[PDB]
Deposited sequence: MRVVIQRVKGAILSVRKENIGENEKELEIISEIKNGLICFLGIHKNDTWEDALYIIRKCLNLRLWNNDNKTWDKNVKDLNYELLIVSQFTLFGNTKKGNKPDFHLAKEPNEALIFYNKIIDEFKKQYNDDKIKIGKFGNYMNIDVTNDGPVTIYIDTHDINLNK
């Protein structure tokens, strides 16, 4: 699995004449893309990490607190495009990304495990594989990147 983590002050997910469905205040927006061979082990990591990366400060310390510590929230958002190879031409192709059907069920297992670890009022999501418009407010910005296969 791949994730782009971005520290934020809010975010307003919206879908098409354009309407809002999700909004976090402080916390993380996670651009998470499943790979055609991710196992629950993979996700299990991405969750652990998203939920525990101490990415905030807590006066006189840096990178000291994490999403949960400060009761913040996560907005998890499926991103097939993270596997989009760009090495080939100047056009990408997202064949690496898991088949976009079972993937959905993986995703829901994710969001589901996410809530079983944090509380479940803190986990927000978009509309799987639907054009979305997201007003993120980047705080920093902090932008962390994990690739579970790297490990």
**Item:** Deposited-sequence stretches lacking C-alpha coordinates, listed in sequence order
**Value:** 17-25, 161-164
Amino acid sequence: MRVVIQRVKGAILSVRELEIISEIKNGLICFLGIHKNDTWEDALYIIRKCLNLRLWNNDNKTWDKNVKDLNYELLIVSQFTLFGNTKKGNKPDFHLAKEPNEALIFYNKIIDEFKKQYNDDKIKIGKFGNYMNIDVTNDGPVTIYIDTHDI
From here on, numbers count along this sequence of modelled residues.
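C-alpha atoms forming the largest set that superposes within 1.5 Å between two forms make up the rigid core.
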**Asked** Of the stretches 87-95 and 27-35, which sits farther from where it is here in 8 other deposited structures of this protein, on average over its Cα atoms, after fitting the core?
**Response** 87-95
**Asked** Would you say residue 135 goes unmodelled in a third or more of the other compared entries?
**Response** no
**Item:** Residue gap status of residue 17, at least a third of other entries
**Value:** yes
**Prompt:** Averaged over C-alpha atoms, is the B-factor higher for 43-51 or for 121-129 in this PDB entry?
**Reply:** 121-129
**Fill in**
Stretch with higher mean Cα temperature factor, 52-60 vs 24-32, is 52-60
**Asked** Which third, lowest, middle or highest, does the CA B-factor of residue 15 fall in along this chain?
**Response** middle
